[PDB]
Structure formats: structure tokens, C-alpha cells
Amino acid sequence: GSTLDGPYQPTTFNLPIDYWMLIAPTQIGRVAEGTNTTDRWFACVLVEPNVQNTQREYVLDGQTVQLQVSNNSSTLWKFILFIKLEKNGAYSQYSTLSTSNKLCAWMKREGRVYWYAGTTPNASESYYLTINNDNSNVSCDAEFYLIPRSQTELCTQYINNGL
């Protein structure tokens, strides 16, 4: 089988730059979040297949918020990437990953957070947000793995085909 660095237990830590954090939730709902503490608070949530347009509650940056979500796929899971731009602001939707594999991944590099988006088996690191803070903490509700940038091809393989 594939050999990855992990699984690590859910935690909050200063994710080092140039590593994919491949997150592997077992449950729907909040999966992970992070912030530069100044102008980006980002979060991903997992939605099961066959979910009509609805409002669900998530606890993001410690606060209970209602967010509009949907997943019209009969078979694919969906990660949704939400971001708020100021401490007291509301989250907007920026990207999604529709997947048969239930894995998502992000990396801190070049002052950005890169994120795998699209639909498996053709998801790719096509989305990013700007954080300009290499010491931005991430918190995770799921087990996760770390993959060096030199193995981006493997991260892409895992996102799209599973471990």
C-alpha cells in the first residue's frame, strides 16, 4: 500500500510551509479550519451525498453560524471551503471538492493556502487564498497526513484515487 506520514491525531498546530495536509475525516460537518488572525479565517466542512439546499449550523472560529449548503450528487461527498475576511464578519463560499474518496488537502506556501478543488478523479490544487503569515495555525477535527511538496503528485493521486 501507499505509505504516508501519519495518521496524526486531530490537533491545532503551526502547519509548516511546503507540506500538504491531507485530511481524512470519518464524519460529516466541520473538518478543519485555520487563520492568520488578521484578515482570513478559513474552514472546510463535509457534506454527504444527496443533500437538498439547506441551512446547517457549524461552529467556526468558536461561533455557531448558519451556512447555506447543498450536494446534488447522488454518490459523491462534497467539501466546501468557507472564508471570512474579518474577525466579526460572515463566511462566504470560495471553493468545493466533490469526491468519492473523502479526502481534502491544503498547503501553506508563497503566502497562500492552496486547496484541492474540482471533481475526482480530476481534482487539482487550482484554488488558493492569500494569508501572508507563515505562522498561521490550523486546527483539525480529523486525522491527517503530511506530504512534502516534492510528492505533490502523490497527494494528487490520493485525493483522486484514495490511499
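One-based numbering along the sequence shown.
Taking the PDB entry at face value, the top CA B factor among 120, 35, 55, 95 belongs to 55. When the modelled residues of the chain are ordered by C-alpha B-factor, residue 45 sits in the lowest third. Compared with the other modelled residues of the chain, the Cα B-factor recorded for residue 108 ranks in the lowest third. When the modelled residues of the chain are ordered by C-alpha B-factor, residue 10 sits in the highest third. The entry lists a Cα temperature factor for residue 153 that places it in the middle third of the chain's modelled residues. Residue 24: CA B factor in the middle third of modelled residues in this chain (values from the PDB entry).
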